Structure formats: C-alpha cells, structure tokens
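Everything on this sheet refers to the single structure shown next.
Quick note: numbers below take in every heavy atom, side chains included, and nothing from hydrogens, waters or symmetry partners. Below, chain A is the first sequence line, B the second, and so on; all start at residue 1.
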Amino acid sequence: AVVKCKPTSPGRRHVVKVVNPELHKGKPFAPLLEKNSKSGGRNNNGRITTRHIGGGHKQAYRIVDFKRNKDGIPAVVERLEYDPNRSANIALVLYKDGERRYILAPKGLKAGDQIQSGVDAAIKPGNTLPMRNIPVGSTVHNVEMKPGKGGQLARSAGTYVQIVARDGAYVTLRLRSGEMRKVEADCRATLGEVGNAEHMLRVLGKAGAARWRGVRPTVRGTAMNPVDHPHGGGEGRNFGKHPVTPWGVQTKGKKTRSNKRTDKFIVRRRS
Amino acid sequence: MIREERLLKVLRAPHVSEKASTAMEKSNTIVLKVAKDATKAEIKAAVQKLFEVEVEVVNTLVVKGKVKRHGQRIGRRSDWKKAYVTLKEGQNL
Amino acid sequence: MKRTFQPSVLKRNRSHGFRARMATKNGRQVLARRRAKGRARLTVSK
RNA sequence: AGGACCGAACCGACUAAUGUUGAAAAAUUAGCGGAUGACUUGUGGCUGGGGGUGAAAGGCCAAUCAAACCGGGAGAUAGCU
RNA sequence: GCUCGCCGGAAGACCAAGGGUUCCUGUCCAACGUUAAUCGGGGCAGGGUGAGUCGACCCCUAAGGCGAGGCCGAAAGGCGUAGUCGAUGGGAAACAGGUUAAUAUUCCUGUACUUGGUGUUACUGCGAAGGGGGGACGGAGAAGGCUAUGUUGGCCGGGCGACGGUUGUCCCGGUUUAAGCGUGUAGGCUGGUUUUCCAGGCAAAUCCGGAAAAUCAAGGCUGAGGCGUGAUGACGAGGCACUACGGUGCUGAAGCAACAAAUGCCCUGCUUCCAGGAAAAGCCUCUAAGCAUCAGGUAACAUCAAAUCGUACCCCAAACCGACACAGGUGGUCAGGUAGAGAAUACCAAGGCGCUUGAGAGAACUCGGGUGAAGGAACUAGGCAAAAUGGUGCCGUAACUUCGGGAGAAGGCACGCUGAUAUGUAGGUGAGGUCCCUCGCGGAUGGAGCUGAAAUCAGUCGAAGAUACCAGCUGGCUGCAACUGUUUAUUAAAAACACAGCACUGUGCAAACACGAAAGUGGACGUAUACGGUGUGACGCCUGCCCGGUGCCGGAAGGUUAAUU
Ligand SMILES: [Mg+2]
Ligand SMILES: [Mg+2]
Ligand SMILES: [Mg+2]
Ligand SMILES: [Mg+2]
Ligand SMILES: [Mg+2]
Ligand SMILES: [Mg+2]
Ligand SMILES: [Mg+2]
Ligand SMILES: [Mg+2]
Ligand SMILES: [Mg+2]
Ligand SMILES: [Mg+2]
Ligand SMILES: [Mg+2]
Ligand SMILES: [Mg+2]
Ligand SMILES: [Mg+2]
Ligand SMILES: [Mg+2]
Ligand SMILES: [Mg+2]
Ligand SMILES: [Mg+2]
Ligand SMILES: [Mg+2]
Ligand SMILES: [Mg+2]
Ligand SMILES: [Mg+2]
Ligand SMILES: [Mg+2]
Ligand SMILES: [Mg+2]
Ligand SMILES: [Mg+2]
Ligand SMILES: [Mg+2]
Ligand SMILES: [Mg+2]
Ligand SMILES: [Mg+2]
Ligand SMILES: [Mg+2]
Ligand SMILES: [Mg+2]
Ligand SMILES: [Mg+2]
Ligand SMILES: [Mg+2]
Ligand SMILES: [Mg+2]
Ligand SMILES: [Mg+2]
Ligand SMILES: [Mg+2]
Ligand SMILES: [Mg+2]
Ligand SMILES: [Mg+2]
Ligand SMILES: [Mg+2]
Ligand SMILES: [Mg+2]
Ligand SMILES: [Mg+2]
Ligand SMILES: [Mg+2]
Ligand SMILES: [Mg+2]
Ligand SMILES: [Mg+2]
Ligand SMILES: [Mg+2]
Ligand SMILES: [Mg+2]
Ligand SMILES: [Mg+2]
Ligand SMILES: [Mg+2]
Ligand SMILES: [Mg+2]
Ligand SMILES: [Mg+2]
Ligand SMILES: [Mg+2]
Ligand SMILES: [Mg+2]
Ligand SMILES: [Mg+2]
Ligand SMILES: [Mg+2]
Ligand SMILES: [Mg+2]
Ligand SMILES: [Mg+2]
Ligand SMILES: [Mg+2]
C-alpha cells in the first residue's frame with residue numbers, strides 16, 4: 001500500500017512509502033545468495049566513468065532465474081521477498097523435484113500459486129512459453145531477445161510488453177517506451193505484468209534517502225568554472241550558450257543511437 | 001640426530017653476571033652464550049654431550065647489540081644469543 | 001596540527017621498498033642510478 | 001519513529017581579546033554549531049599532472065597548485081635592470 | 001623528612017602504532033639542559049628482555065595486487081583465466097600466588113588445558129580437487145536475569161586521645177582468593193522418531209531437498225550467573241627479630257551477610273523497521289574413483305613433540321608526528337567516594353605531580369580579573385564587549401500554521417533544616433517456618449531483616465535555601481534561502497553548493513555515455529516504474545505572447561558539391 005508519513009520532522013513531511021505486508025520478514029534463502037561489492041562508478045582503470053555513484057547500504061545479490069527453462073515440472077510459490085538489487089519483488093518457488101529458485105514476481109502472484117514453463121504450460125500469469133505458443137495481443141514480461149539467452153525486456157516493476165503481431169519466424173512487440181520491435185518467435189516470455197506497480201508512487205522525502213541508495217550529489221554545470229564544464233563561468237548567473245554534456249555534446253534533442261546491426265529489428269522508433 | 005661437529009660449534013661461552021650466579025645458586029640454571037642459529041634442541045644436546053649433565057629444559061633469548069660511539073665515529077656491537085639451561089636438579093655442573 | 005608525515009613501516013616498505021623498486025622497469029632504473037652514484041643506503045628497506 | 005530536541009566525549013570553527021622576531025609557519029582563553037547521522041574514526045587499498053578528485057571555493061593533490069615535485073633539453077630567451 | 005599546593009573520564013594505569021637502549025647499576029660534569037647542578041632521557045663502563053597456551057610466523061579469505069597459458073598493443077607495455085598473494089576480519093590451548101636493581105600469563109610453587117606423531121589393545125567400511133550442513137553477520141528499541149563494583153551491618157585486631165567531652169548508637173584498619181573440573185539454572189530456539197518413494201544437489205550418496213504414511217507427544221540444541229571443588233592451600237591487619245637502618249627473616253586473627261548496581265555478561269538473543277545487512281577455511285556429514293581379512297577409521301592406555309622470531313623502556317608523550325626537553329596532533333582498554341540526571345561540574349581515593357631561572361620592589365603603561373555613587377546605549381558603523389537569564393515540580397501560554405508545530409512562547413508560585421503523619425510511610429528486596437510435587441539451581445504460602453522516595457502539617461535560622469561549581473535573555477516587524485547538511489586546510493560559512501520534488505532530452509541492451517591506440521572495464525550481474533545529461537529547486541497558487549535570429553529535430557523534389565573516372 002501507499003502510506004504518507006506524518007510531519008513530525010522536516011525530513012518526514014514529504015515522505016511517501018510503499019509497504020507490502022505480504023513480503024517475507026525473515027532472511028533470504030541462503031543457497032541463492034552471492035556477494036556484490038560496490039564500484040563507486042569506477043572501472044578497472046580506477047577512474048570514475050559514471051558520475052554520482054557511491055556509498056549506500058550493503059547488498060547481497062540474489063540469483064534470479066531469468067531463463068525459466070525447467071520445463072514440464074510444476075512449481076509452487078512459497079513466499080514473496082524483497083530484493084535490494086531491483087525494483088520488482090521476487091518469489092521463491094519450489095519445484096516438485098525439490099529444487100528452489102527465485103523468479104520475478106508477476107502481478108497478482110501469491111503464495112500457494114502454481115506455475116510452470118514449457119510449450120504445454122497453461123496460459124495464466126507466471127507461466128513461461130515460447131512466444132509462438134502465446135496468443136497475439138497477450139501481455140507478457142521478462143522477454144527474451146535471443147532464444148535461450150534469458151529474459152531481458154520488461155523486467156522492472158510494473159512493466160510489460162504486448163505481442164502485437166506474428167509473421168512466421170518473428171513476432172512484433174510493443175515495448176514500454178512505445179518502440180515496436182521484432183524478436184524471434186522462439187524467444188520465451190512470461191505471461192502477465194511485473195508486480196509492484198506502486199513502486200513509482202514512492203517519494204523519498206529527503207537527501208539522505210537518496211544517499212541510502214548509493215546516489216551521490218549532482219553539481220550543475222552552470223555552478224562551475226569554465227575550466228570544469230562548458231557551462232561554467234560568469235559574473236552572477238549567466239548562461240548564454242546551447243546546453244551540452246560535460247564533454248561538449250548537445251544535450252537537448254540530439255540523437256545518439258548509431259547501431260546498424262540491429263536497425264533491421266526496429267519497426268518504429270519510440271517517438 | 002645432531003652430528004658432533006655441530007654440537008662442538010654451538011656453545012660459545014658461559015655468561016658471567018649477578019643474575020647468572022643467582023640463577024645457578026637458586027634454580028640450578030646455567031647461562032651460556034650460544035650461536036645465533038642454535039635451536040633449543042641443539043643447545044640441549046650439546047650440553048648433554050659436552051658437559052655430561054642431563055638437562056631439563058632450555059630457554060633462549062636474542063640480545064641486541066648496543067650502538068656505541070668510538071670517538072665521534074658511530075659503531076654497533078653484534079647481536080648474540082643467550083640460553084638459560086635448567087639442569088635436572090641433581091647434576092651440579 | 002596533524003602534520004604530513006605519519007609513519008607506518010608497512011606502507012613505507014610497500015611503497016618504496018626494494019621489492020617495489022624491483023617490480024617495474026622504472027624502479028630498476030632508480031636502483032641503477034643510485035648504484036651508479038654510489039649510495040650507501042640503496043632503498044628505504046635498509 | 002525521527003537527516004526530532006537539550007547536552008559531555010567526539011567532529012567542527014561563528015564572535016571577541018591575546019599573540020603577530022608567537023608557546024604555535026594558523027594556536028590559546030571565554031563563549032559558539034552538529035552531536036543515531038548526507039555522522040565520526042582506525043587499519044589497508046585504488047584514482048597521477050592538461051591528469052586525478054571536487055555537496056563547486058579554481059578548492060585539494062606531502063607547510064608547493066589558473067596546471068605538483070625531481071632530473072634533463074639548459075648556459076632556453078631577456079631590444080630590460 | 002615534615003608541612004603546603006595541583007591532577008584525579010587524568011596530569012593515574014595498560015594496549016596498538018611509531019621510536020630503538022631512552023630501561024637498571026656504578027661513575028663523571030667539559031659540551032648538552034634556555035640559570036646553578038652534587039642532578040639528567042647528557043658522557044663513559046657494566047648489566048638487563050627466558051613462552052606448547054600472549055603476539056607474529058601458520059591455515060583461511062575481503063578490497064586490491066601479481067598473474068603460466070591467453071587476448072591486445074610501434075617497442076616499453078595493458079588487461080585478464082587457472083592460480084597465487086593480501087588483514088583492518090574467521091581459525092586449538094593458562095590461571096592464581098611468589099620473586100629481580102632491571103623480565104615475567106615467559107622464571108619458581110600449586111593447579112590446568114590443546115593439537116599432533118608413534119606404539120599397544122579392542123571394535124570397525126575407509127576414501128575428494130566433488131555434494132550438503134555450518135561458520136555466517138544490519139539499524140534501532142525494550143526489558144528481565146546477573147556480575148564487576150560499592151555501601152552498611154556482623155566478625156577480628158588495635159585505641160580510650162596535645163583543648164571542653166569521648167567504655168560507646170565511639171575511633172582506625174582488615175574482612176581476599178583464579179583458571180579448570182562437576183552441576184545445566186534465569187532464559188532463547190526448535191515437535192521428535194520409524195518406514196517407503198523421487199524429473200533436484202554437473203556423477204553417486206545412507207547426507208541435504210521434496211512427497212506419503214505410522215506413532216509418540218516429549219526429545220534435542222544453546223545458556224549468563226549461582227552452588228560444590230580447586231583451597232586443611234595461598235594471601236592476610238598486625239606483631240616479634242636482624243638492619244650493614246635500603247629493606248630483609250619469623251609468625252599470623254577474622255576472612256561473613258544484607259542491600260544497591262552497570263554503558264559489562266545472558267544477547268550472534270528478543271521485538272520492530274527498511275535503506276534489506278562479507279568471503280573462505282578450520283568443523284560436521286555424504287558418497288565417487290580406489291582400497292579391499294591391507295590401508296584407513298573410532299576409543300582407551302603409554303610415550304614423544306610443540307620449532308623460529310618479538311618480549312627492556314616511552315606510549316595525550318621530554319622517548320611518536322611538529323627543526324626545540326615546542327601551551328599543537330595521536331587509535332583502543334580500565335573507570336573508586338560524597339553531591340549530581342551524568343563519563344558535566346566541585347572536593348577527594350588509588351596513583352602521580354609543583355610545569356629547569358630566581359630574589360626584591362609595589363611607578364606609568366600593557367595583559368587577565370573583582371567592585372562601583374547617580375544615570376542607564378547618551379557609546380558605536382553596529383549593544384562589539386560586558387552585564388543579565390539560567391534548575392526541578394506544578395499552574396499558565398497569542399497571532400499564525402503545512403495541524404506536527406509556534407512552545408521551555410510569555411508569565412507565575414514552591415524550594416534549607418527539624419519533628420510528626422509513619423519510633424522508616426508507599427514501594428523494592430526477601431530469610432526462617434509451613435504445605436505440596438514429575439525431588440530440584442523445584443512450586444505455593446510466609447513475612448523476620450535490609451533498603452526506601454514523594455507529599456502534607458507544624459516548628460525554626462539567615463539579607464538571601466535551584467545559596468558554591470554548573471545552568472536559556474525575552475518579545476515585535478521585515479529581506480533571503482524551504483528545511484538537516486556542504487564550502488574557499490591558513491582573512492569570505494553566506495543569500496553561494498547540495499537537497500527531496502519538477503520538467504526536458506537521450507538510451508531497446510553488445511544501451512546511451514565514460515576510461516582506454518586496443519583488448520577490455522564501468523553503466524549493471526541493471527533492462528524504459530531503468531540508466532545518462534541538462535536546467536529548476538520543499539509546499540501553495542501558477543507558469544502568458546514570439547520559431548524572425550542561433551541551435552536542434554524531420555524532409556529530400558530541385559540547385560551547388562570530394563575522392564574516383
Ligand atoms: Mg546522474
Ligand atoms: Mg537532480
Ligand atoms: Mg562559482
Ligand atoms: Mg571550455
Ligand atoms: Mg547579471
Ligand atoms: Mg543576455
Ligand atoms: Mg619453561
Ligand atoms: Mg622467546
Ligand atoms: Mg538531531
Ligand atoms: Mg572544513
Ligand atoms: Mg572564518
Ligand atoms: Mg574553544
Ligand atoms: Mg539544532
Ligand atoms: Mg545538541
Ligand atoms: Mg571566481
Ligand atoms: Mg598544500
Ligand atoms: Mg602550462
Ligand atoms: Mg637548446
Ligand atoms: Mg640564464
Ligand atoms: Mg646512549
Ligand atoms: Mg634512568
Ligand atoms: Mg661547574
Ligand atoms: Mg649549564
Ligand atoms: Mg644516561
Ligand atoms: Mg582476487
Ligand atoms: Mg594483471
Ligand atoms: Mg605471459
Ligand atoms: Mg593464502
Ligand atoms: Mg588481523
Ligand atoms: Mg618494568
Ligand atoms: Mg556482588
Ligand atoms: Mg613490559
Ligand atoms: Mg621544560
Ligand atoms: Mg608537548
Ligand atoms: Mg582524535
Ligand atoms: Mg572533570
Ligand atoms: Mg600591579
Ligand atoms: Mg585592566
Ligand atoms: Mg564585574
Ligand atoms: Mg568589598
Ligand atoms: Mg555603576
Ligand atoms: Mg547603583
Ligand atoms: Mg532602567
Ligand atoms: Mg546613538
Ligand atoms: Mg555620538
Ligand atoms: Mg555579545
Ligand atoms: Mg558574562
Ligand atoms: Mg529592504
Ligand atoms: Mg539554507
Ligand atoms: Mg579561510
Ligand atoms: Mg559491457
Ligand atoms: Mg538555482
Ligand atoms: Mg515561459
């Protein structure tokens with residue numbers, strides 16, 4: 001649910017939090033955890049290559065099964081869990097042979113639900129089928145781009161794609177951005193939407209809450225000296241120039257895609 | 001075991017001081033200067049063989065040499081090893 | 001006031017010690033220059 | 001509960017006086033701000049000079065910074081003293 | 001040596017880092033020491049650091065480093081796989097007393113413990129570079145049970161007071177004891193056992209995971225503290241003997257209880273929240289290949305081993321970083337009494353110091369303070385500085401407001417001591433006794449003893465009872481910035497930066513973008529409810545017109561137009 005905090009301090013006045021009572025309260029399932037230490041946005045040269053990254057809470061990586069290739073064996077949802085690594089929630093499922101896995105939690109999924117994958121799976125949320133077995137017009141998530149590679153599109157909270165058309169070896173998809181794309185009809189998809197659609201209603205409320213997520217402050221280009229940014233300089237507040245990135249590339253409207261390999265699969269750009 | 005040549009080389013001198021005399025007269029302990037590289041076992045065996053006494057235990061420490069001034073020229077004495085050899089309470093070296 | 005030299009034997013050895021000089025070509029040229037000049041203390045180790 | 005409140009340790013540095021060949025190449029005394037946090041601190045590590053890093057002051061990068069330090073080109077050039 | 005003064009959450013005692021002989025003894029006083037020096041962290045000589053259990057070394061890993069082959073690069077080299085290093089983290093084991101001029105958990109006495117080797121005996125399915133379990137983990141909060149520790153009483157030894165009193169409800173001192181071993185308590189977690197089966201755990205598995213029956217309903221694990229032993233021991237006030245007057249030798253009483261109580265322990269617990277909280281080995285278990293009356297494994301006994309290196313001393317400091325015997329800086333641990341909320345503050349204990357120039361005098365003036373007639377901001381750029389306010393309990397409190405605030409608004413009243421209520425109350429703690437039971441560190445009852453606020457009434461002293469130290473000045477109007485934060489180390493702390501929020505825009509994943517001749521890496525083990533850039537800057541009401549100029553986006557008929565030919 002979406003809960004507004006009471007203004008007992010100036011840092012709580014504008015906080016809006018989303019609380020799910022049915023998320024698990026205990027510890028995560030240990031065999032499916034790994035460490036991931038932080039980078040600070042630094043690469044193997046040690047230089048900052050992405051600005052504004054650093055700090056935040058310690059996190060443990062949960063191994064999520066994006067491939068869903070355990071065909072023919074039904075599974076049962078045991079519990080929903082909080083995942084610090086992504087915006088969606090994950091579900092712990094238990095197969096009849098006794099193996100446990102994490103999957104992205106689709107909307108409406110709850111403990112005790114039946115899921116399975118394969119060509120013969122029923123058309124109901126949480127089931128994974130090759131997209132040539134999924135009716136046209138269906139809403140799916142966790143979509144593969146190359147068969148067997150694992151889901152890559154529509155993975156964050158609340159998103160989905162719609163199967164618009166099917167023409168032989170390809171299906172046409174409408175992506176959240178509005179782009180129309182073709183993928184092989186053998187790529188897998190999971191029925192339904194990614195849950196946790198309220199994620200975008202949260203309001204952080206204070207600076208520290210952004211620092212808790214590993215985001216460091218952004219300094220505006222106009223606030224610097226000309227040696228530091230193309231926008232820098234001036235006696236008082238002066239701009240007088242076309243907006244650019246810190247490396248001098250126009251930043252309001254100029255297009256940057258240049259990939260002639262994959263141009264064939266874009267039916268229509270997002271507009 | 002340890003050859004006789006090694007044993008003939010490990011022991012250097014007996015250490016003479018007030019603390020050494022007190023050690024002998026109160027707790028039946030010999031204080032010796034030994035080779036820097038002599039281990040406890042070598043010292044034990046050497047005292048058993050050359051002095052013909054049965055020993056109980058050996059305790060060792062390394063003494064660091066003092067930095068001295070020999071007329072405006074700086075020098076340093078060498079480190080050496082000191083062993084406290086506890087005889088077996090009836091030996092009377 | 002905190003001053004600039006804050007001693008640490010481990011950091012001293014890892015930064016300027018003999019094995020650090022010997023691990024790169026430029027460090028070995030440092031050693032070669034110091035030997036050519038005739039330095040008594042070749043690095044910080046001694 | 002809380003980037004909540006008062007307040008020591010701890011971290012700062014707003015005012016005044018002193019000091020200014022100082023006790024000190026930035027402090028002392030009396031007050032002063034934060035004090036469960038975007039906090040503070042030890043140990044180790046990484047980022048190298050037109051480069052780093054910067055909640056941005058051209059700040060900081062060993063008492064050095066609108067381009068560190070050391071050596072070399074090098075006895076640069078000096079219609080100037 | 002006797003007095004005086006100072007610190008006592010340090011100016012005491014330890015550890016780590018750093019230093020390296022500064023430690024102790026004898027001797028010397030030239031130079032060093034801001035003066036003298038018989039003294040010294042100074043000179044010279046000698047002495048001094050003792051470990052199976054403490055640390056390192058060692059086994060194991062983090063960030064990161066190096067990196068066989070490899071990929072890439074004019075060369076030099078860059079990155080990285082298998083590996084191998086790397087603690088600030090995980091991994092076996094010792095305590096009390098005594099002793100030196102100087103070391104001691106290391107030496108001595110007493111009492112313990114750990115790991116491994118070898119041998120004997122008895123029984124026996126052992127085996128990993130593989131599987132599973134475990135190790136193994138956040139913030140805050142709340143108690144309950146305890147201990148360290150303290151206070152009082154009892155007991156023991158001593159005393160009877162330089163000046164009125166002091167055989168008593170009097171004074172002084174002591175009243176200590178460890179690890180280990182046994183017990184398994186307050187309390188925390190978890191149903192247990194047997195059988196059968198299985199697409200899982202790269203193969204196998206009797207292990208783990210899953211499924212189905214039967215049966216029992218109590219088993220298991222963890223666990224401070226107490227108690228017993230350790231200990232008929234040690235220590236012990238003091239006394240008696242040597243003293244060569246520094247200290248040595250001998251002997252040795254009591255050694256209990258109640259109450260209070262941690263920030264320490266149970267507790268890696270419990271409750272709760274979101275920002276969702278290392279790794280690997282040691283350890284336990286399962287098998288594979290293999291071995292197969294061997295090897296190997298388990299247990300008991302005996303025996304052997306546990307090497308090497310550090311160990312002195314300083315360590316909020318005269319020994320470390322500041323050129324100095326320098327008002328500076330320096331991580332962790334310990335933490336007594338009275339008052340106090342307290343680790344603030346005041347006075348003290350243990351312990352340690354009087355800061356390495358003194359002696360006089362008692363001018364101006366400077367510095368740091370005390371008091372001040374009448375006036376009370378007239379000072380000044382400006383109430384700068386100073387003065388003032390200051391505690392607890394209760395009463396009471398405006399506009400405005402985002403309904404939380406404003407607010408400790410403002411303002412006011414009480415406050416010491418003594419007696420009674422009540423020879424010490426409400427409360428807390430809790431012995432004996434009594435009664436039960438699955439008998440124990442049990443349950444119920446029981447209230448001796450100990451401890452003990454707050455209030456009311458009456459009295460009483462002073463000018464004054466929050467008496468010292470300590471400890472908000474308050475109110476009104478207005479600019480700016482929402483707010484907590486950040487910043488010019490060393491003349492600027494702000495209205496500057498950031499910020500939550502808003503908008504635009506790029507980006508379909510081998511993403512855009514960034515570092516990189518490249519290989520790669522970050523973005524991200526993320527996937528448009530995501531990520532980057534740019535501007536604005538909570539919230540409320542809002543955000544009007546202009547596309548001519550410059551930029552960007554789209555178009556591609558025409559004109560112009562490169563290499564090429
Ligand atoms: Mg950003
Ligand atoms: Mg922003
Ligand atoms: Mg500026
Ligand atoms: Mg520019
Ligand atoms: Mg202007
Ligand atoms: Mg203009
Ligand atoms: Mg011994
Ligand atoms: Mg030793
Ligand atoms: Mg606060
Ligand atoms: Mg600062
Ligand atoms: Mg200032
Ligand atoms: Mg101050
Ligand atoms: Mg405040
Ligand atoms: Mg405060
Ligand atoms: Mg400027
Ligand atoms: Mg500087
Ligand atoms: Mg230049
Ligand atoms: Mg030239
Ligand atoms: Mg010249
Ligand atoms: Mg000396
Ligand atoms: Mg001395
Ligand atoms: Mg003289
Ligand atoms: Mg002198
Ligand atoms: Mg001396
Ligand atoms: Mg590594
Ligand atoms: Mg490499
Ligand atoms: Mg190679
Ligand atoms: Mg290793
Ligand atoms: Mg360590
Ligand atoms: Mg000592
Ligand atoms: Mg007690
Ligand atoms: Mg010592
Ligand atoms: Mg001095
Ligand atoms: Mg000093
Ligand atoms: Mg500090
Ligand atoms: Mg104090
Ligand atoms: Mg005077
Ligand atoms: Mg004056
Ligand atoms: Mg006054
Ligand atoms: Mg007077
Ligand atoms: Mg007056
Ligand atoms: Mg008056
Ligand atoms: Mg007046
Ligand atoms: Mg005036
Ligand atoms: Mg005037
Ligand atoms: Mg003032
Ligand atoms: Mg005042
Ligand atoms: Mg005005
Ligand atoms: Mg502000
Ligand atoms: Mg400044
Ligand atoms: Mg990539
Ligand atoms: Mg602005
Ligand atoms: Mg407008």
Record whether the side chain of [X] comes under 3.5 Å of the base of [N] through a donor-acceptor pair of N or O atoms.
{"X": "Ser177(A)", "N": "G508(E)", "result": "yes"}
{"X": "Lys252(A)", "N": "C552(E)", "result": "no"}
{"X": "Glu18(B)", "N": "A101(E)", "result": "yes"}
{"X": "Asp97(A)", "N": "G209(E)", "result": "no"}
{"X": "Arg13(A)", "N": "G404(E)", "result": "yes"}
{"X": "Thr50(A)", "N": "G523(E)", "result": "no"}
{"X": "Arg211(A)", "N": "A38(D)", "result": "yes"}
{"X": "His14(A)", "N": "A500(E)", "result": "no"}
{"X": "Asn43(A)", "N": "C515(E)", "result": "yes"}

Does [M] pair with [N], Watson-Crick or G-U wobble, where both distances are under 3.5 Å?
{"N": "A448(E)", "M": "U272(E)", "result": "no"}
{"N": "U434(E)", "M": "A444(E)", "result": "yes"}
{"N": "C24(E)", "M": "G46(E)", "result": "yes"}
{"N": "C546(E)", "M": "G47(E)", "result": "no"}
{"N": "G310(E)", "M": "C54(E)", "result": "yes"}
{"N": "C79(E)", "M": "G264(E)", "result": "no"}
{"N": "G370(E)", "M": "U27(E)", "result": "no"}
{"N": "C245(E)", "M": "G419(E)", "result": "no"}
{"N": "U175(E)", "M": "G476(E)", "result": "no"}
{"N": "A56(E)", "M": "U308(E)", "result": "yes"}

Torsion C1'-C2'-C3'-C4' of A218(E), interpreted as north if positive, south if negative:
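On the sign test, where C1'-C2'-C3'-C4' is negative, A218(E) is classed south.
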Just to be sure I understand the rule, does [X] reach a base, reach only the sugar-phosphate, or reach nothing, if contact means heavy atoms closer than 4.0 Å?
{"X": "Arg76(B)", "value": "nothing"}
{"X": "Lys38(A)", "value": "nothing"}
{"X": "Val194(A)", "value": "nothing"}

Using the [atom1] atoms only, state how far [M] lies from [N], rounded to an integer number of Å.
{"N": "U285(E)", "M": "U149(E)", "atom1": "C1'", "answer": "47 Å"}
{"N": "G340(E)", "M": "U478(E)", "atom1": "P", "answer": "48 Å"}
{"N": "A302(E)", "M": "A224(E)", "atom1": "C1'", "answer": "40 Å"}

From C-beta outward on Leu175(A), which listed nucleotide comes closest to its side chain: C509(E), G52(D), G508(E)?
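Selected nucleotide (nearest to the side chain): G508(E).
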Syn or anti for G551(E), taking syn as within 90° of 0?
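Because its glycosidic torsion lies more than 90° from 0, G551(E) adopts the anti conformation.
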Is the aromatic ring of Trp247(A) within stacking range of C513(E), meaning centres under 5.5 angstrom and planes under 30 degrees?
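The base of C513(E) is not stacked with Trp247(A) (the test needs centres under 5.5 Å and planes under 30°).
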Stacked pair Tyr95(A)-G200(E), distance under 5.5 Å, angle under 30°:
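By the stated criterion, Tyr95(A) and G200(E) do not stack.
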Tell me the partner of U248(E), counting only Watson-Crick (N1-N3 plus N6-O4 or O6-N4) or G-U wobble (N1-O2 and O6-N3) with both under 3.5 Å; none if nothing fits.
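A241(E) is the nucleotide pairing with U248(E).
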Let's test this: given Watson-Crick or G-U wobble pairing with both distances under 3.5 Å, identify the partner of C301(E).
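In the structure as shown, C301(E) has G119(E) as its Watson-Crick or wobble partner.
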Indicate the ring-plane relationship of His231(A) and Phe239(A), choosing parallel, tilted or perpendicular according to the 30° and 60° boundaries.
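Plane angle over 60°, so perpendicular.
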Would you list the atom pairs, donor with acceptor, under 3.5 Å between side chains in residues 89-96 of chain A and any protein atom, with sequence neighbours excluded?
none

Using a strict 4.0 Å threshold on nitrogen-to-oxygen distance, state whether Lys182(A) and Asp167(A) make a salt bridge.
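Counted as a salt bridge, because a side-chain N and a carboxylate O are separated by less than 4.0 Å.
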Less than 4.0 angstrom from a charged side-chain N to a carboxylate O is my criterion; do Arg86(A) and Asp83(A) meet it?
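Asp83(A) and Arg86(A): salt-bridged.
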Give the groove (major or minor) that has at least one paired-base atom under 5.0 angstrom from the side chain of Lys66(B).
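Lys66(B) reaches into the major groove.
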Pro226(A) or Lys11(C): which one's nearest nucleotide on RNA chain D is closer to the 5' end?
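Closest to the 5' end, via its nearest nucleotide, is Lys11(C).
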